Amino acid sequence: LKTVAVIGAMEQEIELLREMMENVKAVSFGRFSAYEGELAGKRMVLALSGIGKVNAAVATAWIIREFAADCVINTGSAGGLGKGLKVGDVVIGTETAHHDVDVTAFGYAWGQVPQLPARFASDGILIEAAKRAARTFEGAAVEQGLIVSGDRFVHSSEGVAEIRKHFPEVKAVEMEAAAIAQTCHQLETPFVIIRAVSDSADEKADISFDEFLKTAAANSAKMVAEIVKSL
């Protein structure tokens, strides 16, 4: 873990981390942008992927290729579905899955992309680093568990019920984590997903999201920065 890649979807989700970096250098690939520098004593490349699975996948593949990233950490906001979660709480995604993949017609489990596992496991070392960071993390409650992704912003009770039917133990929902996870799997690169709650993915999710994005972004980022220091 020499070079750490950190991927966030939206500017609000990377700004704090960017302000924390030293010797920052802007870099880009077509329309994607990133920032190369250091945090703690670690080389870090912080990328802005844009929203959704294709954007996150391409950005992640780029940083891995271009910078030989040793691991990848996703940061940002998400819909909270876990028992007892509140706005600002952080979830360490120990497993990630696509909630909107369905090739069941050919025998695959719901969410399973053909030729791949149904879920993607975050790296054991990185999970461990995140758990250690949680032990002294004061800004918010932290939990661990499953985060699922798909190419939609979920904002209905019916939408959440669909996802819980396939993923009963789900803790959070968003739109990039499973794409980043699947990309790292395919590129044999360890990763972990860190997200914080901006909403409940329910009928009010869009209204809550815009209000709580900055708080979710910050809490997620502060956890991510603790992890990087520890590596």
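Numbers for residues come from their place in the sequence shown, where the first is 1.
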{"item": "Mean C-alpha temperature factor, higher of 31 to 39 and 51 to 59", "value": "31 to 39"}
{"item": "Entry-level comparison of average CA B-factors, 101 to 109 and 126 to 134, reporting the higher stretch", "value": "126 to 134"}
{"item": "Top residue by Cα temperature factor, when 197, 173, 44, 193 are compared in the entry", "value": "44"}
{"item": "For residue 78, the third of its chain into which the C-alpha B factor falls", "value": "lowest"}
{"item": "Relative C-alpha B-factor of residue 139, binned into the chain's lowest, middle or highest third", "value": "highest"}
{"item": "Chain third (lowest, middle, highest) by recorded CA B-factor, residue given as residue 85", "value": "highest"}
{"item": "Residue 184 - which third its CA temperature factor falls in, relative to the rest of the chain", "value": "middle"}
{"item": "Chain-relative CA temperature factor third for residue 205", "value": "middle"}
